[PDB]
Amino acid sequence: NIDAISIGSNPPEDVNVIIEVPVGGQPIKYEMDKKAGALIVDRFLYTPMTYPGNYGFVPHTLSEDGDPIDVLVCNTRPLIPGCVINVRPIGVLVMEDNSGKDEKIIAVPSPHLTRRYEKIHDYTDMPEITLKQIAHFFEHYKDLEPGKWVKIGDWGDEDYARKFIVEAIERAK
């Protein structure tokens, strides 16, 4: 029951992410179905790529496209699909594609879950390799889909991420 999962303790300082796909996962897109509480296969992709972090959404949020906001958790160990992890947003991967703007929050596990990301506050605090892996996956994983293109824009910082999350919380209400 996704209705019982809070947005967070003190959003947007922390948000809860319901995980859909693990880091290292195949480029098979899954979408959670609210009523069923089940992950639905949405599309198989054929690029030779793997998800560059754990990927999910924040419940009770709404993007302008009418979906909950997506979050790439940039840790290294795989998480179980359907689990919930509390995270600190640190930035936004800002893109444009065929259908317009596409923005993905970048987040690390919250500090009560691990010391590893204690001192990471903004996307620029992550290693440049990790940032580029994230951008590269989302830029290219749809390349073998006819006509689908992605342009990577200027990244949003930690303050932009907080604003974007609050906007989506408001938009859901």
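Residue indices: 1-based, along the sequence shown.
Between 128 to 136 and 56 to 64, the higher mean Cα B-factor belongs to 56 to 64.
When 35 to 43 is weighed against 105 to 113, 35 to 43 comes out higher, by mean CA B-factor as recorded in the entry. In the PDB entry, residue 69 places in the middle third of its chain by CA B-factor. Among the modelled residues of the chain, residue 89 sits in the lowest third by CA temperature factor in this PDB entry. Among all modelled residues in this chain, the alpha-carbon of residue 48 has a temperature factor (C-alpha) in the lowest third. Ranked by Cα temperature factor within the chain, residue 23 sits in the middle third according to the deposited record. When the modelled residues of the chain are ordered by C-alpha B-factor, residue 165 sits in the middle third.
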